[PDB]
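Heads up: the structure comes next, in structure tokens.
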Amino acid sequence: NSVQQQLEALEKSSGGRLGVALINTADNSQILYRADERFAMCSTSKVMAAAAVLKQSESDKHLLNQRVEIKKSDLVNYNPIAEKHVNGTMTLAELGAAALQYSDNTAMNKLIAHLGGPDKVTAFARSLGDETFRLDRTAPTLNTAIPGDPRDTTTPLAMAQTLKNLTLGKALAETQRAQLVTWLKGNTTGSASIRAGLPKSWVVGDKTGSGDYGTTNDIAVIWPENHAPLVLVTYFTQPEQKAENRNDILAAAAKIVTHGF
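According to PDB author numbering, the stretch in the sequence shown is residues 27 to 57, 59 to 238, 240 to 252, 254 to 290, in order.
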């Protein structure tokens, strides 16, 4: 079976809907599956918010060290880092790190608030040439992932293109690009997702996201030992609201599309 046939078969076995976009930067070739269809991003959107703050920091050398007050009322669930800092402060850099490496929802919300609201994250994506991305809500409501709801969605291809631009390409200044990459490489939440489908020694940066409708996502940049980087988006969503999440599906998809590389 071809790679396309393998992906179709994976989706057929899955009980849902699979979206894959792999960009092989060796030759700009792609492996696309439902790559122009919309999926709820869930916490994969945290990358865009952090990157928008990194962009601002290009022109404000004091921004990343700016203090942000954390209060009990800022806690919204799934905030493992921000809860440690209630009554104290975190810097914008520390909020970026927490949002990306621990998927901290309070950290995401502080980034969004700093920028001026979800629409400002959309405008940043647009500024990178991403015609698809939209952020509409804060956390945790950005995870409702209702089938056919356009809020807080993108397509696998748009997200792969933008992730490539962000991490390997022209979106950010060099220090800020490097900072984003450092953050993604240090992610703690992705062991069982794309990473589990790859050779164990490949270097990987990723951001996961999960939500209702069993929506289970991961976006990654992958550095093989002897080959140019790969950029991979694996999105997955299910028809029933209380479906379990399925990171095993993402690992399986990653294994299919990175075979040979």
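We put the CB at the ideal spot given by N, CA and C, even for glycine.
Whole runs of the alpha helix (DSSP H) within the region 140-168, excluding any shorter than 4 residues: 145-154
Got a sec? Which residues, its chain only, sit under 7 Å from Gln267 by beta carbon, not counting five neighbours each side? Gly41, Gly42, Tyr241 and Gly242
Find the nearest neighbour of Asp233 within the set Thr244, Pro226, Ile250 and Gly224, judged by alpha-carbon distance. Closest option to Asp233, Cα to Cα, is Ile250.
Report the option in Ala187, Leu119 and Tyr264 whose CA atom is closest to the CA atom of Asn54. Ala187
Three-state class that DSSP yields for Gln93 in the structure shown: coil
How should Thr168 be labelled, buried or exposed, when 16 other C-beta atoms within 10 angstroms of its C-beta is the threshold for buried? Its Cβ having fewer than 16 others within 10 Å, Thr168 is exposed.
Since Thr181 sits in a beta bridge, which residues does DSSP pair it with? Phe66
Got a sec? Which residues, its chain only, sit under 7 Å from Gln206 by beta carbon, not counting five neighbours each side? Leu81
For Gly123 versus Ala152, is the C-beta distance shorter than 8 Å? Their beta carbons are not under 8 Å apart, which means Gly123 does not touch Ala152 by this criterion.
Given that a residue counts as buried once 16 or more other Cβ atoms are within 10 Å of its Cβ, and exposed if not, what is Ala200? exposed
Do you know how far the Cα of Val286 is from the Cα of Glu34? 12 Å
In whole angstroms, give me the CA-to-CA distance for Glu85 and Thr209. 17 Å
Quick one: residues in its chain with C-beta nearer than 8 Å to the C-beta of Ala280, no 5 flanking neighbours on either side, listed in chain order? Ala219, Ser220, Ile221, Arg222, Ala223 and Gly224
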